[PDB]
Amino acid sequence: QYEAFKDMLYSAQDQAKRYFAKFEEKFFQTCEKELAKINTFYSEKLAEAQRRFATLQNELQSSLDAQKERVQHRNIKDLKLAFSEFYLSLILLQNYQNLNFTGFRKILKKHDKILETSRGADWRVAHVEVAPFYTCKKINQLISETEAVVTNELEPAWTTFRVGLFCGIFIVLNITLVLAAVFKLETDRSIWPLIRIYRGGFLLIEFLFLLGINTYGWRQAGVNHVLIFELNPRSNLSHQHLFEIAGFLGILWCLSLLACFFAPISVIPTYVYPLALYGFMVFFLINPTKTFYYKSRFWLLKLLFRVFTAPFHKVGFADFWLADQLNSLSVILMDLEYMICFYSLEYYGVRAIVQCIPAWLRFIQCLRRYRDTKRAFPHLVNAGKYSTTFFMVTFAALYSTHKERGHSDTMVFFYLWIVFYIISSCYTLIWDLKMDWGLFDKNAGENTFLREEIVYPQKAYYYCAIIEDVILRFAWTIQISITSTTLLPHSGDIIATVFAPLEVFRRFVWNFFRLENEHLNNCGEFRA
Amino acid sequence: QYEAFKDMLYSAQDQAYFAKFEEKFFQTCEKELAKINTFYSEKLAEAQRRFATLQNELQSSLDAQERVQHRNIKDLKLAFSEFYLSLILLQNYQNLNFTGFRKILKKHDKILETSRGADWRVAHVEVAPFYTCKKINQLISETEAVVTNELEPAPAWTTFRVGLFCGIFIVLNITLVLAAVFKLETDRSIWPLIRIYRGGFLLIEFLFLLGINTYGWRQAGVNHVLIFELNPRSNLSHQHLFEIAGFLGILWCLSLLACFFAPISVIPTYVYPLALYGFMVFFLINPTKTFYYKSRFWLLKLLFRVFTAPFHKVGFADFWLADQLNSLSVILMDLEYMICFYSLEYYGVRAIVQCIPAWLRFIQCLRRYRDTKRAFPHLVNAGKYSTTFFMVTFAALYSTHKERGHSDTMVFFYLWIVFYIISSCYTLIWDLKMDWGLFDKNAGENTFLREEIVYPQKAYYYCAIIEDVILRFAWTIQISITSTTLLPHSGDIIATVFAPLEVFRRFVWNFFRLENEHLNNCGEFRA
């Protein structure tokens, strides 16, 4: 009785220590009574489902044994419907469990807000979270069993229109960019090596686009990203939303660049359009209003705030995901730093530290994880894996310094860098192929060099992904070292650019496989 | 028990006598019909009792109209919400069982190769109370109205295509505007060529507006599908018209941009419009079975029928397309100008080719008179459309005599002006009285409207009326001048800026005429 709970809370508030205290026992007693009712009704129906499952399975087994004609054919059709309706019941009970749990959580939160007390959350954790109706996973077990048995034995418009709009405008504007740059760029001076470094928000845009594709892939394959990301099922962000938002940012970026090449109103200088774009982006993200996906924007901002101060807060799954995401999205941070730099002016070493900061964040997050769980494995291995990049980049910078300046110790540091370009790459590759993806499983015979259970349709996906990741991991390390400007005056600003999109591509594939593994296996002990 | 009847039929076929089985089959059919009829009635009676109770509770709650009252309103909202669901379930029960009797009985006919199943359906099922009883719909409507007053699908892929084409089209239009404004360093005779090739653009604008017509018709309640008799089960939703229009738009914009810019020099400037007008017809005339082969084939058949109207019977679709082509004469003039110019680079047959849609429509009306023999409202209509003939002829004669300078130019000017006014008046009154049905005597509350009204706000009628009044004058003057009286340079611009306005006029005219044809049978095309 959620609504009547709310009515009681409002009546107590309006009818207002002894008064509040006496009211406190009453609602808890009401909460206890409702909890028992839900617990009882849950247990009875759950028991009924188990009996029905047994009866259906025996009937299915008996029908199959005779099969191993018309009377049999009708029975199979009858059985399929019986499991179909039965499957619906399990979902209903499965939904039943969530709604009551949500109501308890939400209503007890309101009592806390109204009475400005923490007793509600305490009662929730003491009673509701431990209640059999919530702690009983047999509903999921039954659902999975029914799905497997059936599969084996028996067998918004406006948003989409907006997505189409933005995608079409983006493609046409992109063709416009290509034509203009090829033809209407009558500037032989140092113009490429500036816009070429404004390849910032572009990487962000394509990253969002690939993220939308990731969402679609997880949805279609079956991996439920909503549970692992601790997102509520009632406000899920379909891949269409990511697509439209990516298209919108793309339109903004492309209008900015196109204006930059051409000559809009002369009163406006050419060096403000990138500033306008990047200011509009940040304002849109930090829009304090309640429009334009305020829920999702607030959630993302809270995630970022937690992530950038990882050592203090507990590490959730989203924390780890965003940290690894930013790990490959370092070039964006480097570009932002360079932005600030030459605008303030137009290795003092800030380059390297800003480049490696994502690695620092992930490493310290892993340290916090280890401190909280207090188990060396696998956390210490991650600490080493993410500190190797620190060591590699610092050695790269020092080698650059000595080689340019002239010190004969340059060779030693060259050797150091080349070894840390392998002893680092190898750890990354082996980890992504063994734990984050879980492949090379001993207990996998039919799937060859895969895991025992597979979700995605064709194994060719896994086989090609392995080799592409192998070839591109070394590219990540070499590119991140190069961006530390070893010397590479002019051939480096181009290779880093042409590889950053490849980095995001690798992150796209890695997202697929990491979430697949987590959905099937635990690897990272983040649940339970 | 549909599956049971199917099994009985299959067993009878396999065990094949038939006369005895037919008696058993129909007897079982009757028993099920009685069961369905009885269950429907008691549920319907229960629903009627529930509605009165809830309505009584709502009225009592409304009459007293704090927390107690607020609680009741929420409960009543829920009570009506669940109550509404019950009617839908009962409505579906009615729909499903009737379908089952219909689909089972046809199987009985097919399997036994007899027509007795359809006869039994008509005799028993189609007269059963559970089917004829419309009280379910009345209760549904009453509940909807009560809730709203007192208490308060296109495929994804096609929608995405519509969005993509719309975005590309808007960007291309922006690009053309900027290019013409800035990068047009040609002060020679270029405007009076692309301007007069403002053709297929008019067709695309018409298609876009027609998609809007489809959307509005579907939303209002007017069923364009029945009155167009276009494969009732099938349908071309407004999304499809939108996407096809967007595709033609992308083609048109690309062609004009190429003409403005300088693509590969080997290809000359004068061929891109040829390419566009060839591609459009090829897509329209494609023999293959893709890219809307059904709809394109239907449109081709309609065009062939209408262009040879005097031989064929006149259905509504012929009428509608003839009236559409009446307004879209500018495209025909543009096509004629294109053919003549490409052949050469008042013979002024342009006048004929301009009036020929009127010839089509007028002879079609005559056919509608020879097959029904009732003059009004046809002969009058024939005169309406022959006014176009006479007006254009007088305009051409006046042009010729002004060029020659005979001492009769002023008198012919006066005569052509008088005939202009009379033709405009007659077409206006015809549009306002018959094609729309407004100024109905039996309409008191609706003021100068028809007795019933479909569209939500009368304001749209009250405005479109004056829009038509002011724009019919424009159509007549545009067609008159388009006969190039003298108007050396001041004419080709007004015709161009008015042709889209003509399409807009025809758009609103389509709204109103189909709205009228639904309610009334002013166009005697049914029954």
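Residues numbered from 1 in each chain as written, not as in the entry; some residues may be left out. Chains lettered and ligands numbered in written order. Heavy atoms only, no water.

In its metadata, the entry names cryo-EM as the structure determination method and reports 4.31 Å as the resolution.

Chemist: Residues and numbers for the overall build of chain A, please.
Modeler: Per the secondary structure count, chain A includes 21 helices and zero strands. Taking the principal axes of the C-alpha coordinates as reference, chain A spans close to 80 × 70 × 50 Å. Classification of the 528 residues of chain A by burial places 43% in the buried group. Here chain A has roughly 29,900 Å² of accessible surface; of this, 65% comes from carbon and sulfur atoms. (Helix = DSSP H or I, 4+ residues; strand = E, 2+ residues; numbered from the N terminus. Buried < 20%, exposed > 50% of the residue type's maximum accessible area, 1.4 Å probe, protein only. Areas by Shrake-Rupley, 256 points an atom, 1.4 Å probe, with all protein chains shown as cover.)

Chemist: Residues and numbers for the interface of chain A and chain B, please.
Modeler: Across the boundary between the two partners, chain A contributes 19 residues, which contact 16 residues of chain B. Of the roughly 1,300 Å² buried where chain A meets chain B, counting both sides, 68% is carbon and sulfur surface. Connecting chain A to chain B are three salt bridges. Between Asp7(A) and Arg71(B) there is a salt bridge, with the nearest N and O atoms lying 3.9 Å from each other. The tally of links from chain A across to chain B stands at four residue pairs in polar contact. Looking at the side of chain A that touches chain B, the elements that each hand over two or more residues are helix 1 (2-14) and helix 7 (157-183) of chain A. When residues in the side of chain A that touches chain B are grouped by element, the largest group, 11 residues, is from helix 7 of chain A. When the residues that make up the side of chain A that touches chain B are grouped by side-chain class, the tally is nine nonpolar, five polar and five charged. (Contact = heavy atoms within 4.5 Å. Buried area = accessible area lost by both parts, 1.4 Å probe. Salt bridge = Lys/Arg side-chain N within 4 Å of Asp/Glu carboxyl O. Polar contact = N/O pair within 3.5 Å; in protein donor to acceptor, adjacent residues only side chain to side chain. Nonpolar A, V, L, I, M, F, W, Y, C, P; charged D, E, K, R; others polar.)

Chemist: Residues and numbers for the UniProt feature "binding site: phosphate" in chain B, please.
Modeler: Residue and element names in this part refer to chain B. Taking the UniProt record as the reference, the feature "binding site: phosphate" is found at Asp323, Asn326, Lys384, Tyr385, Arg472, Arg505 and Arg506. Structurally, the position occupied by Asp323 is in helix 14 (residues 316-327). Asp323 has contacts with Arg361, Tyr385, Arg506 and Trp509, leaving out every residue within four places of it along the chain. If you trace the backbone, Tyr385 turns up in helix 17 (residues 379-404). Classification of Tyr385 by relative accessible area gives buried; the value is 15%. For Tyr385, the contacting residues outside a window of four places in its chain are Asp323, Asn326, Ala358, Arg361 and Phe362. There is a polar contact of 2.6 Å between the side chain of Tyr385 and the side chain of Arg361. (UniProt positions renumbered as here; feature names shortened; annotations may be inferred.)

Chemist: Pulling in residues and values, what's your account of helix 6 (residues 135-151) of chain B?
Modeler: Residue and element names in this part refer to chain B. Here helix 6 spans 23 Å end to end across 17 residues, near enough to the 24 Å set by a 1.5 Å rise per residue. Those residues of helix 6 that sit buried are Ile136, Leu139, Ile140, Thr143, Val146, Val147 and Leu151. One side of helix 6 carries all its buried residues, which in axial view fall inside an arc of 130°. The exposed residues of helix 6 that point more than 90 degrees off its buried face are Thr148 and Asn149. Structurally, helix 6 contributes buried residues whose contacts are with helix 2 (18-64) and helix 3 (67-112). (Expected span 1.5 Å × (residues − 1). Arc of directions from axis to C-beta.)

Chemist: How would you sum up the nonpolar core? Please name residues and give values.
Modeler: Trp437(A), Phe513(A), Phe206(B), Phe316(B), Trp320(B), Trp436(B) and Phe512(B) are the most contacted members of the largest nonpolar core, which totals 114 residues. For this core, the leading source of residues is helix 11 (residues 239-261) of chain A, giving 10 residues. With residues up to four places along the chain from it excluded, the contact list for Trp437(A) reads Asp432(A), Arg451(A), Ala465(A), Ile466(A), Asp469(A), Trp510(A), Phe513(A), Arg514(A) and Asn517(A). (Core = buried A, V, L, I, M, F, W, Y, C linked by side-chain atoms within 4.5 Å.)

Chemist: Please give an account of the UniProt feature "binding site: phosphate" in chain A that cites residues and values.
Modeler: Residue and element names in this part refer to chain A. This chain's UniProt record puts "binding site: phosphate" on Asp324, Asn327, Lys385, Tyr386, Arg473, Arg506 and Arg507. Leave out the neighbours within four places in its chain, and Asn327 touches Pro358, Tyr386, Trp476 and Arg507. Position of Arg507 among the secondary structure elements: in helix 21 (residues 492-520). Residue classification places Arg507 among the buried residues on the basis of a relative accessible area of 2%.

Chemist: Describe the pattern of salt bridges, and please don't skip the residues or the numbers.
Modeler: Residues and elements named next belong to chain A. This structure, assessed with the given rule, holds 34 salt bridges over all chains. Measuring nitrogen to oxygen at the nearest pair gives 3.8 Å for the salt bridge that ties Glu145 to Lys138. A relative accessible area of 27% means that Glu145 is categorised as partly exposed. Relative accessible area serves as the criterion here: at 23%, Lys138 is assigned to the partly exposed category. With a closest N to O distance of 2.7 Å, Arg507 and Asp324 form a salt bridge.

Chemist: Run through the domain arrangement of chain B, naming residues and quoting values.
Modeler: Taken domain by domain, chain B consists of domain 1 (2-151), domain 2 (154-307) and domain 3 (346-527). One C-alpha centre belongs to domain 1 of chain B, the other to domain 3 of chain B, and the line joining them spans 50 Å. (Domains from an automatic or database assignment.)

Chemist: Give me the UniProt feature "intramembrane region" in chain B: which residues, what numbers.
Modeler: Here, UniProt's "intramembrane region" annotation points to residues 291-308 of chain B. Taken end to end, residues 291-308 of chain B has its terminal C-alpha atoms 26 Å apart, with 83% of it in helix and 0% in strand.

Chemist: Quick one: what's the story with the UniProt feature "intramembrane region" in chain A, residue by residue and with numbers?
Modeler: Under the present numbering, the feature "intramembrane region" in UniProt falls on residues 292-309 of chain A. For the annotated span residues 292-309 of chain A, helix accounts for 83% and strand for 0% of the residues, and the straight-line distance between the end C-alpha atoms is 27 Å.

Chemist: Could you give me a rundown of unusual backbone geometry, with the residues and numbers involved?
Modeler: Negative phi values dominate among residues other than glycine, just as trans dominates among peptide bonds. The step from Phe377(A) to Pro378(A) runs through a cis peptide bond, and the omega angle for that step is -5°. If you trace the backbone, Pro378(A) turns up in the loop between helix 16 (350-373) and helix 17 (379-405). Phi is positive for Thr484(B), close to 45°, though the residue is something other than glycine. Take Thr484(B): it is sitting in the loop between helix 19 (458-481) and helix 20 (490-519). A residue is classified by how much of its surface remains accessible, and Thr484(B), at 36% relative accessible area, is partly exposed.

Chemist: Describe a nonpolar patch on the surface, naming the residues involved and giving the relevant values.
Modeler: All names here are of chain A. There is a patch of nonpolar side chains on the surface, built from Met411, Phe414, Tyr415, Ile418, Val419, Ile423, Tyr427 and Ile430 and spanning about 720 Å² of accessible area. At the level of elements, helix 18 (410-420) and helix 19 (425-434) are the ones that each hand at least two residues to the nonpolar patch. Per-element accounting of the nonpolar patch gives the leading share, five residues, to helix 18. Tracing the sequence through the fold places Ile430 in helix 19. (Patch = residues over 30% accessible without salt bridge, like charges linked within 9 Å, V, L, I, M, F, W, Y side chains within 5 Å.)

Chemist: Give a description of the packing of aromatic side chains that names residues and reports values.
Modeler: Within the structure shown, the criterion is met by 77 aromatic pairs over all chains. Here the aromatic residues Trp436(B), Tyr455(B), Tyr460(B), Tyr461(B), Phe504(B), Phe507(B), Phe511(B) and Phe512(B) are joined through ring pairs into a cluster of three or more. The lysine or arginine in question, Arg362(A), covers the ring of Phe320(A), its NZ or CZ lying 3.7 Å from the ring centre. Here the basic side chain of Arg506(B) rests over the ring of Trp509(B), its NZ or CZ set 4.5 Å away from the ring centre. (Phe/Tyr/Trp six-rings, centres within 6.5 Å; stacked < 30°, edge-to-face > 60°. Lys NZ or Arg CZ within 6 Å of the ring centre and 35° of its normal.)

Chemist: Summarise helix 16 (residues 350-370) of chain B; cite the residues concerned and give the values.
Modeler: The end-to-end C-alpha distance of helix 16 of chain B is 30 Å, a good match for the 30 Å that 21 residues give at a rise of 1.5 Å each. For helix 16 of chain B, the principal kink sits at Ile356(B) and spans about 40°; a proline, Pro357(B), occurs within the next four residues. (Bend = angle between axes of the 7 residues up to and from the residue.)

Chemist: Just give me the short version of the environment of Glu142(B), but keep the residues and values in it.
Modeler: Residue and element names in this part refer to chain B. Turning to its location among the elements, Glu142 is positioned in helix 6. On a C-alpha basis, the gap between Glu142 and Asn72 in space is 20 Å, while along the polypeptide they are 70 residues apart. Setting aside residues no more than four positions away along its own chain, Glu142 makes contact with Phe51 and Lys135.

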